[PDB]
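Data block below; observations after.
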2 protein chains.
Amino acid sequence: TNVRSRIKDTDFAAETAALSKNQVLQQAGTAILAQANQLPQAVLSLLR
Amino acid sequence: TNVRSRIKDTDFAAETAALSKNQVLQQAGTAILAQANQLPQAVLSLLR
């Protein structure tokens, strides 16, 4: 059961770190696309 | 998509330069013809 524990289980102190990371990466990427999809709006400020 | 971007797209900062150029060339050429079509009117100021 020790062996199967180290194989099959997850230590949640690691998991929650992975979660915090991934959540930051998503909220980031979303907020990034808020800008990437607005950089083409600099176009029609020029000559329109 | 990078490759197809550099092939098929236009960088608009180049385009708008081409536009400004062409517009100047048209407005110019028009205003030029305002004179070229009036140089023959110097004729009938002479002997009529």
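Residue numbers start at 1 in each chain; chains themselves are named A, B, ... in the order of the structure tokens; ligands are numbered from 1 in the order shown.
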Taking only residues of chain A that have an atom at most 8 Å from an atom of chain B, what is each one's shortest atom pair and its distance in Å to one decimal, using only C-alpha atoms, in chain and number order, as a Markdown table?
```
| residue | atom | partner | partner_atom | distance |
| --- | --- | --- | --- | --- |
| A:43 | CA | B:12 | CA | 7.3 |
| A:46 | CA | B:16 | CA | 7.7 |
| A:47 | CA | B:16 | CA | 6.5 |
```
Please save N, CA and C atoms of the selected residues as a PDB file, in the first residue's frame.
```pdb
ATOM      1  N   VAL A  43      -4.732  49.902 -36.378  1.00  0.00           N
ATOM      2  CA  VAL A  43      -4.701  50.105 -37.819  1.00  0.00           C
ATOM      3  C   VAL A  43      -5.540  51.310 -38.197  1.00  0.00           C
ATOM      4  N   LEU A  46      -4.998  54.816 -38.366  1.00  0.00           N
ATOM      5  CA  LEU A  46      -3.951  55.226 -39.293  1.00  0.00           C
ATOM      6  C   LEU A  46      -4.505  55.129 -40.702  1.00  0.00           C
ATOM      7  N   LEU A  47      -4.774  56.293 -41.303  1.00  0.00           N
ATOM      8  CA  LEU A  47      -5.373  56.467 -42.626  1.00  0.00           C
ATOM      9  C   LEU A  47      -6.859  56.130 -42.619  1.00  0.00           C
TER      10      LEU A  47
END
```
Superposition of chain A onto chain B by least squares over all sequentially paired C-alpha atoms; the transformed chain is requested as a PDB file with N, CA, C and O atoms, in the first residue's frame.
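As written to disk, result_24.pdb reads:
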```
ATOM      1  N   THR A   1       1.616  29.165 -40.715  1.00  0.00           N
ATOM      2  CA  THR A   1       0.850  30.401 -40.684  1.00  0.00           C
ATOM      3  C   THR A   1       1.763  31.618 -40.711  1.00  0.00           C
ATOM      4  O   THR A   1       1.376  32.674 -41.219  1.00  0.00           O
ATOM      5  N   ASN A   2       2.961  31.508 -40.139  1.00  0.00           N
ATOM      6  CA  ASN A   2       3.936  32.578 -40.291  1.00  0.00           C
ATOM      7  C   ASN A   2       4.299  32.758 -41.755  1.00  0.00           C
ATOM      8  O   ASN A   2       4.295  33.880 -42.283  1.00  0.00           O
ATOM      9  N   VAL A   3       4.609  31.653 -42.429  1.00  0.00           N
ATOM     10  CA  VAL A   3       5.008  31.724 -43.828  1.00  0.00           C
ATOM     11  C   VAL A   3       3.873  32.289 -44.673  1.00  0.00           C
ATOM     12  O   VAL A   3       4.062  33.240 -45.443  1.00  0.00           O
ATOM     13  N   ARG A   4       2.673  31.723 -44.528  1.00  0.00           N
ATOM     14  CA  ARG A   4       1.534  32.214 -45.292  1.00  0.00           C
ATOM     15  C   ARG A   4       1.234  33.660 -44.948  1.00  0.00           C
ATOM     16  O   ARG A   4       0.685  34.397 -45.769  1.00  0.00           O
ATOM     17  N   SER A   5       1.544  34.071 -43.725  1.00  0.00           N
ATOM     18  CA  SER A   5       1.343  35.464 -43.371  1.00  0.00           C
ATOM     19  C   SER A   5       2.259  36.349 -44.189  1.00  0.00           C
ATOM     20  O   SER A   5       1.820  37.331 -44.792  1.00  0.00           O
ATOM     21  N   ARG A   6       3.535  35.991 -44.258  1.00  0.00           N
ATOM     22  CA  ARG A   6       4.460  36.839 -44.994  1.00  0.00           C
ATOM     23  C   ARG A   6       4.208  36.783 -46.492  1.00  0.00           C
ATOM     24  O   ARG A   6       4.563  37.725 -47.209  1.00  0.00           O
ATOM     25  N   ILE A   7       3.594  35.709 -46.988  1.00  0.00           N
ATOM     26  CA  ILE A   7       3.237  35.656 -48.403  1.00  0.00           C
ATOM     27  C   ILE A   7       1.989  36.484 -48.657  1.00  0.00           C
ATOM     28  O   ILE A   7       2.007  37.467 -49.400  1.00  0.00           O
ATOM     29  N   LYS A   8       0.888  36.088 -48.045  1.00  0.00           N
ATOM     30  CA  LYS A   8      -0.430  36.442 -48.539  1.00  0.00           C
ATOM     31  C   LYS A   8      -0.956  37.738 -47.949  1.00  0.00           C
ATOM     32  O   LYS A   8      -1.762  38.420 -48.592  1.00  0.00           O
ATOM     33  N   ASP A   9      -0.524  38.096 -46.751  1.00  0.00           N
ATOM     34  CA  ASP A   9      -1.022  39.288 -46.088  1.00  0.00           C
ATOM     35  C   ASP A   9      -0.348  40.536 -46.631  1.00  0.00           C
ATOM     36  O   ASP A   9       0.572  40.477 -47.450  1.00  0.00           O
ATOM     37  N   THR A  10      -0.836  41.677 -46.166  1.00  0.00           N
ATOM     38  CA  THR A  10      -0.176  42.959 -46.338  1.00  0.00           C
ATOM     39  C   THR A  10       0.080  43.573 -44.974  1.00  0.00           C
ATOM     40  O   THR A  10      -0.802  43.582 -44.110  1.00  0.00           O
ATOM     41  N   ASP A  11       1.283  44.101 -44.796  1.00  0.00           N
ATOM     42  CA  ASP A  11       1.560  44.956 -43.654  1.00  0.00           C
ATOM     43  C   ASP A  11       1.025  46.337 -43.980  1.00  0.00           C
ATOM     44  O   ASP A  11       1.489  46.989 -44.921  1.00  0.00           O
ATOM     45  N   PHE A  12       0.042  46.772 -43.208  1.00  0.00           N
ATOM     46  CA  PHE A  12      -0.702  47.966 -43.566  1.00  0.00           C
ATOM     47  C   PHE A  12       0.134  49.223 -43.439  1.00  0.00           C
ATOM     48  O   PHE A  12      -0.152  50.215 -44.110  1.00  0.00           O
ATOM     49  N   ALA A  13       1.168  49.211 -42.607  1.00  0.00           N
ATOM     50  CA  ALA A  13       2.036  50.378 -42.538  1.00  0.00           C
ATOM     51  C   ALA A  13       2.717  50.641 -43.876  1.00  0.00           C
ATOM     52  O   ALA A  13       3.053  51.789 -44.187  1.00  0.00           O
ATOM     53  N   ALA A  14       2.913  49.598 -44.683  1.00  0.00           N
ATOM     54  CA  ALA A  14       3.382  49.784 -46.050  1.00  0.00           C
ATOM     55  C   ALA A  14       2.253  50.253 -46.956  1.00  0.00           C
ATOM     56  O   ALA A  14       2.435  51.162 -47.784  1.00  0.00           O
ATOM     57  N   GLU A  15       1.083  49.627 -46.817  1.00  0.00           N
ATOM     58  CA  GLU A  15      -0.057  49.951 -47.665  1.00  0.00           C
ATOM     59  C   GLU A  15      -0.407  51.423 -47.575  1.00  0.00           C
ATOM     60  O   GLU A  15      -0.598  52.086 -48.594  1.00  0.00           O
ATOM     61  N   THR A  16      -0.513  51.946 -46.355  1.00  0.00           N
ATOM     62  CA  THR A  16      -0.955  53.320 -46.177  1.00  0.00           C
ATOM     63  C   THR A  16       0.038  54.293 -46.782  1.00  0.00           C
ATOM     64  O   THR A  16      -0.352  55.354 -47.280  1.00  0.00           O
ATOM     65  N   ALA A  17       1.319  53.939 -46.764  1.00  0.00           N
ATOM     66  CA  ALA A  17       2.295  54.727 -47.496  1.00  0.00           C
ATOM     67  C   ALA A  17       1.996  54.703 -48.983  1.00  0.00           C
ATOM     68  O   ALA A  17       1.995  55.753 -49.642  1.00  0.00           O
ATOM     69  N   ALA A  18       1.723  53.515 -49.529  1.00  0.00           N
ATOM     70  CA  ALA A  18       1.383  53.433 -50.945  1.00  0.00           C
ATOM     71  C   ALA A  18       0.131  54.239 -51.269  1.00  0.00           C
ATOM     72  O   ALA A  18       0.043  54.851 -52.342  1.00  0.00           O
ATOM     73  N   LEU A  19      -0.829  54.271 -50.346  1.00  0.00           N
ATOM     74  CA  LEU A  19      -2.046  55.037 -50.558  1.00  0.00           C
ATOM     75  C   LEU A  19      -1.750  56.516 -50.584  1.00  0.00           C
ATOM     76  O   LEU A  19      -2.166  57.219 -51.504  1.00  0.00           O
ATOM     77  N   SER A  20      -1.071  57.011 -49.549  1.00  0.00           N
ATOM     78  CA  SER A  20      -0.726  58.425 -49.496  1.00  0.00           C
ATOM     79  C   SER A  20       0.004  58.849 -50.758  1.00  0.00           C
ATOM     80  O   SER A  20      -0.339  59.867 -51.372  1.00  0.00           O
ATOM     81  N   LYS A  21       0.953  58.029 -51.204  1.00  0.00           N
ATOM     82  CA  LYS A  21       1.652  58.303 -52.450  1.00  0.00           C
ATOM     83  C   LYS A  21       0.674  58.423 -53.607  1.00  0.00           C
ATOM     84  O   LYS A  21       0.624  59.450 -54.293  1.00  0.00           O
ATOM     85  N   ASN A  22      -0.128  57.382 -53.823  1.00  0.00           N
ATOM     86  CA  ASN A  22      -1.008  57.355 -54.985  1.00  0.00           C
ATOM     87  C   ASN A  22      -2.005  58.505 -54.962  1.00  0.00           C
ATOM     88  O   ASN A  22      -2.259  59.135 -55.993  1.00  0.00           O
ATOM     89  N   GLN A  23      -2.573  58.792 -53.793  1.00  0.00           N
ATOM     90  CA  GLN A  23      -3.510  59.900 -53.664  1.00  0.00           C
ATOM     91  C   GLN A  23      -2.850  61.207 -54.057  1.00  0.00           C
ATOM     92  O   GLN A  23      -3.432  62.019 -54.791  1.00  0.00           O
ATOM     93  N   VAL A  24      -1.623  61.427 -53.581  1.00  0.00           N
ATOM     94  CA  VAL A  24      -0.904  62.632 -53.973  1.00  0.00           C
ATOM     95  C   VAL A  24      -0.695  62.652 -55.478  1.00  0.00           C
ATOM     96  O   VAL A  24      -0.799  63.703 -56.116  1.00  0.00           O
ATOM     97  N   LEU A  25      -0.411  61.495 -56.074  1.00  0.00           N
ATOM     98  CA  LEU A  25      -0.157  61.473 -57.508  1.00  0.00           C
ATOM     99  C   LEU A  25      -1.421  61.788 -58.293  1.00  0.00           C
ATOM    100  O   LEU A  25      -1.361  62.420 -59.354  1.00  0.00           O
ATOM    101  N   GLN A  26      -2.580  61.368 -57.786  1.00  0.00           N
ATOM    102  CA  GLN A  26      -3.828  61.643 -58.487  1.00  0.00           C
ATOM    103  C   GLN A  26      -4.221  63.098 -58.356  1.00  0.00           C
ATOM    104  O   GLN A  26      -4.518  63.764 -59.353  1.00  0.00           O
ATOM    105  N   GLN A  27      -4.275  63.590 -57.120  1.00  0.00           N
ATOM    106  CA  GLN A  27      -4.645  64.974 -56.893  1.00  0.00           C
ATOM    107  C   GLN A  27      -3.697  65.896 -57.632  1.00  0.00           C
ATOM    108  O   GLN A  27      -4.125  66.882 -58.253  1.00  0.00           O
ATOM    109  N   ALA A  28      -2.415  65.539 -57.632  1.00  0.00           N
ATOM    110  CA  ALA A  28      -1.440  66.227 -58.460  1.00  0.00           C
ATOM    111  C   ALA A  28      -1.869  66.207 -59.914  1.00  0.00           C
ATOM    112  O   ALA A  28      -2.198  67.249 -60.474  1.00  0.00           O
ATOM    113  N   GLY A  29      -1.937  65.014 -60.513  1.00  0.00           N
ATOM    114  CA  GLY A  29      -2.202  64.899 -61.945  1.00  0.00           C
ATOM    115  C   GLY A  29      -3.446  65.643 -62.391  1.00  0.00           C
ATOM    116  O   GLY A  29      -3.446  66.310 -63.430  1.00  0.00           O
ATOM    117  N   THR A  30      -4.507  65.558 -61.595  1.00  0.00           N
ATOM    118  CA  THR A  30      -5.692  66.370 -61.819  1.00  0.00           C
ATOM    119  C   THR A  30      -5.328  67.847 -61.880  1.00  0.00           C
ATOM    120  O   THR A  30      -5.582  68.536 -62.882  1.00  0.00           O
ATOM    121  N   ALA A  31      -4.688  68.340 -60.824  1.00  0.00           N
ATOM    122  CA  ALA A  31      -4.372  69.758 -60.767  1.00  0.00           C
ATOM    123  C   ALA A  31      -3.386  70.161 -61.853  1.00  0.00           C
ATOM    124  O   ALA A  31      -3.328  71.333 -62.238  1.00  0.00           O
ATOM    125  N   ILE A  32      -2.604  69.211 -62.352  1.00  0.00           N
ATOM    126  CA  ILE A  32      -1.712  69.474 -63.468  1.00  0.00           C
ATOM    127  C   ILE A  32      -2.526  69.700 -64.729  1.00  0.00           C
ATOM    128  O   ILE A  32      -2.329  70.680 -65.461  1.00  0.00           O
ATOM    129  N   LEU A  33      -3.452  68.782 -65.007  1.00  0.00           N
ATOM    130  CA  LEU A  33      -4.299  68.913 -66.178  1.00  0.00           C
ATOM    131  C   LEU A  33      -5.107  70.192 -66.163  1.00  0.00           C
ATOM    132  O   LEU A  33      -5.436  70.709 -67.240  1.00  0.00           O
ATOM    133  N   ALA A  34      -5.406  70.732 -64.977  1.00  0.00           N
ATOM    134  CA  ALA A  34      -5.988  72.068 -64.916  1.00  0.00           C
ATOM    135  C   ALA A  34      -5.133  73.104 -65.623  1.00  0.00           C
ATOM    136  O   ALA A  34      -5.672  74.105 -66.104  1.00  0.00           O
ATOM    137  N   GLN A  35      -3.821  72.890 -65.699  1.00  0.00           N
ATOM    138  CA  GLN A  35      -2.925  73.796 -66.398  1.00  0.00           C
ATOM    139  C   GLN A  35      -2.656  73.358 -67.825  1.00  0.00           C
ATOM    140  O   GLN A  35      -2.652  74.196 -68.731  1.00  0.00           O
ATOM    141  N   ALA A  36      -2.446  72.060 -68.044  1.00  0.00           N
ATOM    142  CA  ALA A  36      -2.157  71.593 -69.394  1.00  0.00           C
ATOM    143  C   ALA A  36      -3.306  71.880 -70.338  1.00  0.00           C
ATOM    144  O   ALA A  36      -3.081  72.183 -71.514  1.00  0.00           O
ATOM    145  N   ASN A  37      -4.536  71.812 -69.845  1.00  0.00           N
ATOM    146  CA  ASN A  37      -5.686  72.139 -70.673  1.00  0.00           C
ATOM    147  C   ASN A  37      -5.962  73.633 -70.739  1.00  0.00           C
ATOM    148  O   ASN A  37      -6.959  74.032 -71.349  1.00  0.00           O
ATOM    149  N   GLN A  38      -5.109  74.462 -70.130  1.00  0.00           N
ATOM    150  CA  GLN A  38      -5.203  75.909 -70.240  1.00  0.00           C
ATOM    151  C   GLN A  38      -4.017  76.539 -70.946  1.00  0.00           C
ATOM    152  O   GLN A  38      -4.092  77.717 -71.304  1.00  0.00           O
ATOM    153  N   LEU A  39      -2.930  75.802 -71.141  1.00  0.00           N
ATOM    154  CA  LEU A  39      -1.845  76.323 -71.965  1.00  0.00           C
ATOM    155  C   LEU A  39      -2.275  76.585 -73.403  1.00  0.00           C
ATOM    156  O   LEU A  39      -1.807  77.582 -73.981  1.00  0.00           O
ATOM    157  N   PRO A  40      -3.133  75.780 -74.034  1.00  0.00           N
ATOM    158  CA  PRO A  40      -3.625  76.160 -75.363  1.00  0.00           C
ATOM    159  C   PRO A  40      -4.475  77.418 -75.365  1.00  0.00           C
ATOM    160  O   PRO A  40      -4.706  77.984 -76.437  1.00  0.00           O
ATOM    161  N   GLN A  41      -4.953  77.878 -74.211  1.00  0.00           N
ATOM    162  CA  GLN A  41      -5.665  79.146 -74.177  1.00  0.00           C
ATOM    163  C   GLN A  41      -4.730  80.341 -74.238  1.00  0.00           C
ATOM    164  O   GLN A  41      -5.211  81.474 -74.348  1.00  0.00           O
ATOM    165  N   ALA A  42      -3.418  80.126 -74.157  1.00  0.00           N
ATOM    166  CA  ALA A  42      -2.473  81.193 -74.451  1.00  0.00           C
ATOM    167  C   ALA A  42      -2.433  81.514 -75.930  1.00  0.00           C
ATOM    168  O   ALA A  42      -1.954  82.587 -76.310  1.00  0.00           O
ATOM    169  N   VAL A  43      -2.918  80.599 -76.766  1.00  0.00           N
ATOM    170  CA  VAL A  43      -2.928  80.806 -78.206  1.00  0.00           C
ATOM    171  C   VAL A  43      -3.725  82.048 -78.553  1.00  0.00           C
ATOM    172  O   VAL A  43      -3.194  83.045 -79.053  1.00  0.00           O
ATOM    173  N   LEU A  44      -5.023  81.997 -78.292  1.00  0.00           N
ATOM    174  CA  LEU A  44      -5.934  83.018 -78.765  1.00  0.00           C
ATOM    175  C   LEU A  44      -5.776  84.341 -78.043  1.00  0.00           C
ATOM    176  O   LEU A  44      -6.466  85.303 -78.393  1.00  0.00           O
ATOM    177  N   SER A  45      -4.875  84.418 -77.076  1.00  0.00           N
ATOM    178  CA  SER A  45      -4.323  85.689 -76.651  1.00  0.00           C
ATOM    179  C   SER A  45      -3.315  86.248 -77.644  1.00  0.00           C
ATOM    180  O   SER A  45      -2.799  87.347 -77.420  1.00  0.00           O
ATOM    181  N   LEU A  46      -3.034  85.527 -78.732  1.00  0.00           N
ATOM    182  CA  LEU A  46      -2.003  85.894 -79.694  1.00  0.00           C
ATOM    183  C   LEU A  46      -2.610  85.827 -81.084  1.00  0.00           C
ATOM    184  O   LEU A  46      -2.900  84.736 -81.579  1.00  0.00           O
ATOM    185  N   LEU A  47      -2.847  87.004 -81.672  1.00  0.00           N
ATOM    186  CA  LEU A  47      -3.483  87.210 -82.973  1.00  0.00           C
ATOM    187  C   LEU A  47      -4.982  86.938 -82.915  1.00  0.00           C
ATOM    188  O   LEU A  47      -5.718  87.437 -83.768  1.00  0.00           O
ATOM    189  N   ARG A  48      -5.456  86.325 -81.832  1.00  0.00           N
ATOM    190  CA  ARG A  48      -6.697  85.567 -81.822  1.00  0.00           C
ATOM    191  C   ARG A  48      -6.946  84.899 -83.177  1.00  0.00           C
ATOM    192  O   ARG A  48      -6.086  84.171 -83.673  1.00  0.00           O
TER     193      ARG A  48
END
```
Would you please extract all helix (DSSP H, G or I) residues from chain B, as assigned by DSSP on the backbone, and give them as a PDB file with C-alpha atoms, in the first residue's frame?
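Output file part31.pdb follows:
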```pdb
ATOM      1  CA  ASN B   2       3.937  32.578 -40.292  1.00  0.00           C
ATOM      2  CA  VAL B   3       5.008  31.724 -43.828  1.00  0.00           C
ATOM      3  CA  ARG B   4       1.534  32.214 -45.291  1.00  0.00           C
ATOM      4  CA  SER B   5       1.343  35.464 -43.371  1.00  0.00           C
ATOM      5  CA  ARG B   6       4.460  36.839 -44.994  1.00  0.00           C
ATOM      6  CA  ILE B   7       3.237  35.656 -48.402  1.00  0.00           C
ATOM      7  CA  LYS B   8      -0.430  36.441 -48.539  1.00  0.00           C
ATOM      8  CA  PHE B  12      -0.701  47.966 -43.566  1.00  0.00           C
ATOM      9  CA  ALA B  13       2.035  50.378 -42.538  1.00  0.00           C
ATOM     10  CA  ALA B  14       3.381  49.784 -46.050  1.00  0.00           C
ATOM     11  CA  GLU B  15      -0.056  49.950 -47.664  1.00  0.00           C
ATOM     12  CA  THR B  16      -0.954  53.319 -46.178  1.00  0.00           C
ATOM     13  CA  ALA B  17       2.296  54.728 -47.496  1.00  0.00           C
ATOM     14  CA  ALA B  18       1.383  53.434 -50.945  1.00  0.00           C
ATOM     15  CA  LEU B  19      -2.046  55.037 -50.558  1.00  0.00           C
ATOM     16  CA  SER B  20      -0.726  58.426 -49.495  1.00  0.00           C
ATOM     17  CA  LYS B  21       1.651  58.304 -52.450  1.00  0.00           C
ATOM     18  CA  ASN B  22      -1.008  57.355 -54.986  1.00  0.00           C
ATOM     19  CA  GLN B  23      -3.511  59.899 -53.664  1.00  0.00           C
ATOM     20  CA  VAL B  24      -0.905  62.632 -53.973  1.00  0.00           C
ATOM     21  CA  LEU B  25      -0.158  61.473 -57.507  1.00  0.00           C
ATOM     22  CA  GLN B  26      -3.828  61.643 -58.486  1.00  0.00           C
ATOM     23  CA  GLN B  27      -4.645  64.974 -56.893  1.00  0.00           C
ATOM     24  CA  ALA B  28      -1.440  66.227 -58.460  1.00  0.00           C
ATOM     25  CA  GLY B  29      -2.203  64.899 -61.945  1.00  0.00           C
ATOM     26  CA  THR B  30      -5.693  66.371 -61.819  1.00  0.00           C
ATOM     27  CA  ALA B  31      -4.372  69.758 -60.767  1.00  0.00           C
ATOM     28  CA  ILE B  32      -1.712  69.475 -63.468  1.00  0.00           C
ATOM     29  CA  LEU B  33      -4.300  68.913 -66.178  1.00  0.00           C
ATOM     30  CA  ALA B  34      -5.988  72.069 -64.916  1.00  0.00           C
ATOM     31  CA  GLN B  35      -2.924  73.796 -66.399  1.00  0.00           C
ATOM     32  CA  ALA B  36      -2.156  71.593 -69.394  1.00  0.00           C
ATOM     33  CA  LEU B  39      -1.845  76.323 -71.965  1.00  0.00           C
ATOM     34  CA  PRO B  40      -3.625  76.161 -75.364  1.00  0.00           C
ATOM     35  CA  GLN B  41      -5.664  79.145 -74.177  1.00  0.00           C
ATOM     36  CA  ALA B  42      -2.472  81.193 -74.451  1.00  0.00           C
TER      37      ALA B  42
END
```
